[PDB]
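Asks: First portion of the complex, with coordinates as positioned in the assembly:
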Amino acid sequence: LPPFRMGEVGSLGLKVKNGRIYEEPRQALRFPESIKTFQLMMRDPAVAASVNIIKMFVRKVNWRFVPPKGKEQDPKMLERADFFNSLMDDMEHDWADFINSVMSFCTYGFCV
C-alpha cells in the first residue's frame, strides 16, 4: 500500500456523464423529465399544501446583521454591521422577494 501523504488521493465518485448528473436511475426523475414530473406532482392538493406550509414558515422570519462573537461592542464591527444592513435594502428588489425566490428549491431541490 502507498505511504500516507497529505492531499487528496481519490474522487467523489459521482456518476456525471457528458455534463449531466445520472445519480437517479429512473428516467422520469432526471433532468429533462423532472421539470414536468415535479410540476405534475404539485397539482395534488396534499403535496401542494405540504410544500406551501414549509415555504410559508421560512418566509415568516426576519433577518439581521450582527457583529461576530467576541467583539460585540467594538464600534468598528458596529459600523460594519450597519453598512451590511444598509446593503440589504439598497437592492433593485426587496430582500423578502429574494428570499421568496430562494425557496424554489423546495421543489427542484436546488436554486441558483
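Replies: Good, I have the coordinates. Residues are numbered from 1 along each chain as shown, chains lettered A, B, ... in the order given.

Asks: Can you report how many residues lie near residue A:55?
Replies: Residues lying near residue A:55 (other CB atoms under 10 Å) number 14. Backbone N, C-alpha and C define where each C-beta goes, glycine included.

Asks: Report the distance from whichever helix or strand it is part of to the chain centre.
Replies: Here residue A:55 sits within helix A:45-59, counting by DSSP states H and E. Put simply, helix A:45-59 sits 16 Å off its chain's centre (CA atoms, centre = their mean, to the nearest Å).

Asks: and if you look at stretch A:9-16?
Replies: The mean C-alpha position of stretch A:9-16 is separated from the chain mean by 23 Å, CA atoms, centre = their mean.

Asks: just to revisit the earlier point, which strands and helices lie in contact with the helix holding residue A:55?
Replies: helix A:95-102, helix A:105-108 (3 or more CB pairs under 8 Å, 6 or more residues apart in numbering; DSSP states H and E).

Asks: Of all those helices, which one is nearest residue A:49?
Replies: Distance to residue A:49, taken as CB to CB, is lowest for helix A:105-108 among the helices and strands packed on helix A:45-59, at 12.7 Å.

Asks: Could I get the buried residue list for that closest one?
Replies: residue A:107 (16 or more other CB atoms under 10 Å).

Asks: Contacts for it next, please.
Replies: A:34-35, A:38, A:42, A:51, A:54-55, A:111 (CB atoms under 8 Å, 6 or more residues apart in numbering).

Asks: Please apply the same query to stretch A:57-65.
Replies: A:81, A:84-85, A:88, A:95-96, A:99-100, A:103.

Asks: before we move on, what about stretch A:79-99?
Replies: A:58-59, A:63-67.

Asks: so which of those is the most crowded?
Replies: residue A:67 (16 neighbours).

Asks: picking up where we left off before, nearest to residue A:75, of the helices and strands packed on helix A:45-59?
Replies: helix A:95-102 (25.5 Å).

Asks: Another chain to add, chain B:
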Amino acid sequence: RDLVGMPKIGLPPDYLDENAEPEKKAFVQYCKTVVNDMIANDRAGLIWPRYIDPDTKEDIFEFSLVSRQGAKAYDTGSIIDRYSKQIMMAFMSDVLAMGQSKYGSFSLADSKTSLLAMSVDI
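Replies: Below, chain B sits with the chains from the block before:
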C-alpha cells in the same frame, strides 16, 4: 331520473288504435286520467278487469309499479365530502367546518397563531 315505483298500465294492442270502438277510447281516456291524478290518499283504491287467458295462464291486463334489481355501485356522498375536505385543506382554512377551537388564535401577537393568520401576515 330515479324512476322506481311509478305506475304502469298494460293493455291489449287493440285498445290503443285510433279507429277503436268508443268504449275502448273511453277506457283509455279514463286510464290517462287515473295515471295523471292518482295520489296517496285515504280513498285510494282500484277496481280493474281481470282475465287470465286459458292457453297462456297470464293476465291480459295488468297494473303494477316498475321495479329495479341492482343498487348504485358508488356512494357519492362520501366522495363529495372527501373532495370538499381536500379543497378546504388547500387554503388551510379548516376552521370553517371545525369551528374556532380553543387551541388556535387569530392574533399574530399571541403564541397560538393559526396557519391562516400566519399566511395573512405574509
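
Asks: Check the contacts of stretch A:57-65 one more time with chain B there.
Replies: Around stretch A:57-65, the neighbours that count as contacts under CB atoms under 8 Å, 6 or more residues apart in numbering or on different chains are A:81, A:84-85, A:88, A:95-96, A:99-100, A:103, B:118, B:121-122.

Asks: Off-centre distance for it?
Replies: 15 Å.

Asks: Near residue 110, how many other residues are there?
Replies: In the absence of a named chain, chain A is used. Close neighbours of residue A:110, defined as other CB atoms under 10 Å in any protein chain shown, add up to 7.

Asks: try again with chain B
Replies: 10.

Asks: same thing with residue B:105?
Replies: For residue B:105, using other CB under 10 Å, the count is 15.

Asks: What residues does chain B have near chain A?
Replies: Within reach of chain A by CB under 8 Å from any CB of the partner chain, chain B has these residues: B:86-87, B:89-90, B:92, B:115, B:118-119, B:121-122.

Asks: hmm, back to that, ok, then the element right after the helix holding residue A:55?
Replies: Counting by DSSP H and E, the next helix or strand C-terminal to helix A:45-59 is helix A:75-89.

Asks: now that following helix: how far from the chain's centre is it?
Replies: 24 Å.

Asks: buried residues in that helix?
Replies: For helix A:75-89, the neighbour count (16 or more other CB atoms under 10 Å in any protein chain shown) marks residue A:81 as buried.

Asks: What angle do helix A:95-102 and it make with each other?
Replies: 70 degrees (axes from the mean of the first three to the mean of the last three CA atoms, to 10 degrees).

Asks: Next, the contact list for the one residue in chain A that gets nearest to chain B, please.
Replies: Proximity to chain B, evaluated over chain A using CB to the nearest CB, is greatest for residue A:45 at 4.9 Å. By CB under 8 Å, 6+ apart, the residues touching residue A:45 are B:86-87, B:89-90.

Asks: again, only this time at 10 Å
Replies: B:83, B:85-91 (CB atoms under 10 Å, 6 or more residues apart in numbering or on different chains).

Asks: follow-up on the earlier one: now compare the residues of chain B next to chain A and name the two farthest from each other.
Replies: Greatest spacing in these, by CB to CB: B:86 and B:121 (24.9 Å).
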